[PDB]
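Per the authors' numbering, the very first residue in the sequence shown carries number 197; after that it's consecutive.
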Amino acid sequence: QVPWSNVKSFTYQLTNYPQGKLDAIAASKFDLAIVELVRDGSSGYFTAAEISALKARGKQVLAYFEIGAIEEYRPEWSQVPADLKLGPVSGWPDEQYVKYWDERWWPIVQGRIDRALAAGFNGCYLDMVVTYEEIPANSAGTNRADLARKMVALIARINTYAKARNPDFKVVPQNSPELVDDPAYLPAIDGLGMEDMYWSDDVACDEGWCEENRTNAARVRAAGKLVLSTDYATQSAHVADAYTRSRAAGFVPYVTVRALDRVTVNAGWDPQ
Numbered sequence: 197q198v199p200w201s202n203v204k205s206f207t208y209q210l211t212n213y214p215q216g217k218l219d220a221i222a223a224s225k226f227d228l229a230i231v232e233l234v235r236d237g238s239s240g241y242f243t244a245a246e247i248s249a250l251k252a253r254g255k256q257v258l259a260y261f262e263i264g265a266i267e268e269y270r271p272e273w274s275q276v277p278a279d280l281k282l283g284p285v286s287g288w289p290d291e292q293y294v295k296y297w298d299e300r301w302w303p304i305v306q307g308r309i310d311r312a313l314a315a316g317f318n319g320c321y322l323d324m325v326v327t328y329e330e331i332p333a334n335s336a337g338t339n340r341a342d343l344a345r346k347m348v349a350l351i352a353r354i355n356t357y358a359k360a361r362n363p364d365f366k367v368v369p370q371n372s373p374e375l376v377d378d379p380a381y382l383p384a385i386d387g388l389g390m391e392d393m394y395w396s397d398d399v400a401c402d403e404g405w406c407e408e409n410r411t412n413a414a415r416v417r418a419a420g421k422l423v424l425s426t427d428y429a430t431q432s433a434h435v436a437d438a439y440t441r442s443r444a445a446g447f448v449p450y451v452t453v454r455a456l457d458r459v460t461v462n463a464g465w466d467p468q
């Protein structure tokens, strides 16, 4: 395997696995792959044998899963009572933000960690960290800063649990880099995934919020964590700009399509 410290490229695909298999990802030349635990968006977990097949080609493999929301099409839906739900993510009630600090949410999270370990992933790639800021500020009867501390506490809980079972198992939150301000954050993570720092569907991330994301990523990188940047662009000047600026900042870039439904290969930028 490529060591964690020498990861210099990654691909990232969450759906549309051909024939429900990882063969195209296995064949690609990236140092690291982010894939779902499941081949079907639901309960068809990839097996140790399938994950081993990627690792044998030298890749680190991270398991994407959400820690801040649940969806009706996911197997744990029926374990989530109404009291854990905080509202629709994108208007559709079949995708709900959850009370991620609640002890009743922990078995769902734990079960995903356990599945990641059972399939021999190298680590986890944690989505819906942003739940901390997307739910009402009074969701825990407190405020936004308390919700932030709760989300960092959950990431730290994940890390301690996972490392106890595999001390090599990496923890990589996606987005929400500003959580780095909490002292419990950097001791709980091994890397950070950041979307949309440079190019978002071929539109520049040129707002103040973009710059704050980049400088918070710089904070995480300064603490020796792997930063995997994903940008979304097909225009060649934009692809080049994301790769160039990401690498200049000390990050590891990938540029792909928002659907995350294929292994994009950007000739001249990605390994071939």
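By construction, the Cβ of each residue, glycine as well, lies at the ideal position given by its N, Cα and C atoms.
Check your understanding: Taking buried to mean at least 16 other C-beta atoms within 10 Å of its own C-beta, is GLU232 buried or exposed?
Key -> buried
Practice item. Would you list, in sequence order, the uninterrupted beta strand (DSSP E) runs of no fewer than 3 residues that lie entirely inside the segment 270-355? Key: 281-284, 291-294, 319-323
Check your understanding: On the premise that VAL448 lies in contact with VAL203, defined as a C-beta separation below 8 Å, what is that separation, rounded to the nearest angstrom?
Key -> 6 Å
Practice item. Please list the segments of the alpha helix (DSSP H) lying wholly inside the segment 383-425, counting only runs of 4 or more residues, in order along the chain. Key: 404-418
Practice item. Using three-state DSSP, classify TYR357 as helix, strand or coil. Key: helix
**Study point:** Nearest to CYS320 (by Cα), restricted to the options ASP364, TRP301, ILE266, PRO199
**Key:** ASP364
Review point. What residues match up with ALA229 in a beta bridge as DSSP calls it?
Key: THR207, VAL257
Practice item. Throw me the rounded Cβ distance for the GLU374 and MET324 pair, which I believe falls under 8 Å. Key: Not quite, the Cβ-Cβ distance comes to about 16 Å (not below 8 Å), so this is no contact.
Point to revise | Span of the alpha helix (DSSP H) around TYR450 | key: Looking at the DSSP string, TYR450 is not in any alpha helix (DSSP H); the run it does join, the beta strand (DSSP E), is 448-452.
Review point. How is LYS251 classed by DSSP in three states: helix, strand or coil?
Key: helix
Point to revise | Terminal residues of the beta strand (DSSP E) in which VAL435 lies | key: Going by DSSP, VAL435 is part of no beta strand (DSSP E) but of the alpha helix (DSSP H) stretching over 432-444.
Review point. For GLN215, which of helix, strand or coil comes out of DSSP?
Key: helix
Practice item. Have a look at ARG300 and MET347 and give me their C-alpha separation to the nearest angstrom. Key: 15 Å
Exercise for review: Would you mind stating whether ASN409 and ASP427 have Cβ atoms separated by less than 9 Å?
Suggested key: no
Check your understanding: Are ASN362 and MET390 close, meaning C-beta to C-beta below 9 Å?
Key -> No, the pair does not count as a contact, with Cβ atoms beyond the cut-off.
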